[PDB]
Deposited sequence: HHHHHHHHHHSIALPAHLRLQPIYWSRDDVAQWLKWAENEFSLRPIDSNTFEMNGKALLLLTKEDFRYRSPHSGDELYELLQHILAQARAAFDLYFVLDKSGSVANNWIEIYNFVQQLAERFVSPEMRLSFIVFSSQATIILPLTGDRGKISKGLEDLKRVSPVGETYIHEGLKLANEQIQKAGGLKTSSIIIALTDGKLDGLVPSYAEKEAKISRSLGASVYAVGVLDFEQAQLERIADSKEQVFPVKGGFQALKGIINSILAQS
């Protein structure tokens, strides 16, 4: 449903709004609802901070329209739906043993940035065999415990990424919402695993999933390009916040 005809730029979940986005929301709300002038500094904060405020905080900051803006923000929350199922397919090979912390801190940060409702996460580790650490769940308690298990992972073995994608595809097929696959690896595949993994990524796209690849160490951009949907969905783990921001904005723009 869409009882409120929200503009496209404000259709993003408010938890991802920036300070400027909050300001644009005030300008839109002021005209759409014939409200009195609203200073653009009534809420000098991002959407994530705005969601922690109380209706009393709205009444104080905006005596003329604070109550209306709060109820407007609540109706927006009840319409802006994520519905993203994120599948982390993490390389726990011996080759990436010294960089597992990178893989972990990258997954941990995205899980915190992806804490919006209707967004469920899943953790899959692969080496010589594949294992599901965290099944697809929106429960933050299970997500928190899964991150604890990812920290205790002892990297060792080969790089059979097709085994990890199969675990993602099966879940995606069983549960069906945009399914997203975030594969963190160096793309160093031995034997026919390159063909196996690219064949398994076609099945993911056949299942309606979007395959992202985050490379670690001296990764093979080529191998990651073929697995991912395109070169634009291949990001470096060393990119830091930029890459984190890029992947999330790209994932959010999928829906």
Where does the model have holes with respect to the deposited sequence?
1-8, 185-187
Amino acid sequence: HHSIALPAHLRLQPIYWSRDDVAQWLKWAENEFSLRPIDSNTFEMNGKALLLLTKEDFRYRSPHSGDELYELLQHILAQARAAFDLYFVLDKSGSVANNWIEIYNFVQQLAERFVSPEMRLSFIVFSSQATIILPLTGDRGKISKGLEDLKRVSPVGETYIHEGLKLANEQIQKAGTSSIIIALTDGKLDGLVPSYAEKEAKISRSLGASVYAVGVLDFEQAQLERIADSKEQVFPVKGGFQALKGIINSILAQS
From here on, numbers count along this sequence of modelled residues.
As stated in the PDB record, which stretch has the larger average Cα B-factor, 162-170 or 140-148?
140-148
Decide which of the stretches 20-28 and 230-238 has the higher mean C-alpha B-factor, going by the entry.
230-238
Based on what the PDB entry reports, which of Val125, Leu73, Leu184, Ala111 has the top C-alpha B-factor?
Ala111
I'd like to know which of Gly208, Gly47, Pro37, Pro63 has the highest C-alpha temperature factor in the PDB entry.
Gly208
Which third, lowest, middle or highest, does the C-alpha temperature factor of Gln221 belong to within its own chain?
highest
Temperature factor at the Cα of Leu192, chain-ranked in thirds, falls in the highest
Determine, from the deposited record, the chain-internal third of the Cα B-factor for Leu134: lowest, middle or highest.
middle
Please rank the C-alpha B-factors of the chain's modelled residues and tell me whether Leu77 sits in the lowest, middle or highest third.
middle
Third of the chain, ranked by Cα B-factor, where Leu86 sits
lowest
